[PDB]
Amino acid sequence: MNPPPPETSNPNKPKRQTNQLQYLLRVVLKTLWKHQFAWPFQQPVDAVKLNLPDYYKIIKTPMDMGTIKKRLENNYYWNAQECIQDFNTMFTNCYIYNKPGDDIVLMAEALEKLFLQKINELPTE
């Protein structure tokens, strides 16, 4: 069964737009989105659809790139590090829920490498 998805707006949280956050949307996210292994990560895990009734019994800080995309579009983040932490949560959830060698984990590892490659150098202020 499904909990509510992570919030993509929060009127009590301050917003910010920075060159690094613009980069994270326009280049990092939008490039990862097009990768052949991106599709498991483009939306929150639907435990009912996927017949994974235990997913949210294990994963208590769920995150996906669709949520991150909407957060970036809504200037939800204060800085790039906050956004990068959401990516890191998404990858780590996949490693927690699954086990090494699983097909989904191979997909997450490949995307994580590409993600790190792209955030190695960010624009300046």
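One-based numbering along the sequence shown.
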On average, are the C-alpha B-factors higher in 85-93 or in 44-52?
44-52
Quick one: higher average CA temperature factor, 94-102 or 74-82?
94-102
In terms of its chain's C-alpha B-factors, the third that includes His35 is the middle
Going by the CA temperature factor in the PDB record, which third of the chain does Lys57 belong to: lowest, middle or highest?
middle
